[PDB]
Structure formats: C-alpha cells, structure tokens
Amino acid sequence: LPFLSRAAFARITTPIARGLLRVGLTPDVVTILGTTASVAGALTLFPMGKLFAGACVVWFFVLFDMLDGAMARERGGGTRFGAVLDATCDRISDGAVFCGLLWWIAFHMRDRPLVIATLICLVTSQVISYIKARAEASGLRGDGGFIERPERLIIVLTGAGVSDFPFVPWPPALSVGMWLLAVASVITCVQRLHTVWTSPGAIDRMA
C-alpha cells in the first residue's frame, strides 16, 4: 500500500482508537474534533498561501476521519446518528477546503478562470454527495463516479501541495488539479443521477 494511504492508515487505527477510547473520547466527539481541526487548517493556511502545509493538514484529517468507525467497532457498534454526523462533517470540511483555496486564488492570484473552476469544484463537491443521500432517502441508489471522494480530494490537494512544494514548487499544478477535478466532478454528477434513474422503482408514477 502507499505509505500515506487510508489503506496504510487502517493498519494503525486500532491502537489509536483504543487509546482515544481509554482517554474517554467517543467516536462522535472525535469526528467533530477532527472536522474542526481540518476546517481550522484549511481556513488558516490556504488563505495565507501556505498551500503545501494546508494540503498536508487536510490530508492528515482525511486519514483521521477513519478513527470514528474504528472506535465504534471497539465499542461494539456505530450509530445512524454517527453516520449522519460523519457525512455532514465531511461536507463542511470539503466546503472549507475549497473556500480556503478560493480565498487564495481570488485575492492573491491573477487567474479568474481558476476562480470559476474552484467554484465548480466547491458546488459539485456538495452536489455529488447530495445526490447519493437524497436518492437513498427515496429508496433509490445514487452512488457512481469513476473517482471516489478520497481520490477527488487527492487531486486538488496534490495540485495545491505541488504548487507550493518545498524547494522545487511547480505553481501550475494548482490550476491543473482544480480543472481536472472540475471536469471529473461534473461528470460524476451526471453519472450519479443516471444511477438514480436506473434504480429499482425510480420511474414508476405514483399518487
């Protein structure tokens, strides 16, 4: 496995989770703390141009995201509230990532098309997840997309981080990552709506 991957991190979530339980933390409190730290990092570092440090901080709390489930597993189970909270917190965290980067791009760069791309990523990031939740609320399916949420985050965070990379930065990488993610995200939206359409019971007329 890649050394910074979630699959790698899953090899040490059990001792971490046991430690956090021992200290009296719960899964849901950990979800909130990690989300708050992630938002703080994105909204502090990105608007300052510290894109490599921000990307590292955000990626850490993508890994940290995995602790609430590991903790709940050690405690005998999770809850539906915990699942809703995790998902909701992920929406907020993603929103802060794009808002932080947006602040840097809008006010400290000269790339207005890139602002547009960042806004597309921001809105599609929410909508991609909304389609799936809203579909399931109606008893339909709404997943889909060639590229999953963690990998979508990898695209933009890699672009940001390389653009600000220590010693040997490649500034174009931020724009490359954002436009690639914008295109991928728009497509993912259409693909997910197609999954809704092909779900059992999706097009029966009622009432």
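The first residue of the shown sequence is 1; numbering continues from there.
Can you tell me which stretch has the higher mean Cα B-factor, 130-138 or 70-78? Per the PDB entry, the higher value belongs to 70-78.
Which wins on mean Cα temperature factor, 179-187 or 14-22? Comparing 179-187 with 14-22, the higher mean C-alpha B-factor belongs to 14-22.
Out of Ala42, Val156, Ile32, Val168, highest CA B-factor residue: Highest C-alpha B-factor among the listed options: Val168.
Split into thirds by Cα B-factor across the chain's modelled residues, where does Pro200 land: lowest, middle or highest? Within its chain, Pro200 is a middle-third residue by C-alpha B-factor, going by the deposited values.
Place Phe52 in the lowest, middle or highest third of its chain's C-alpha B-factors, as listed in the PDB entry. Lowest third.
Taking the values exactly as deposited, rank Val62 by C-alpha B-factor within its chain and report the matching third: lowest, middle or highest. As the PDB entry reports it, the C-alpha B-factor of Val62 lands in the lowest third of its chain.
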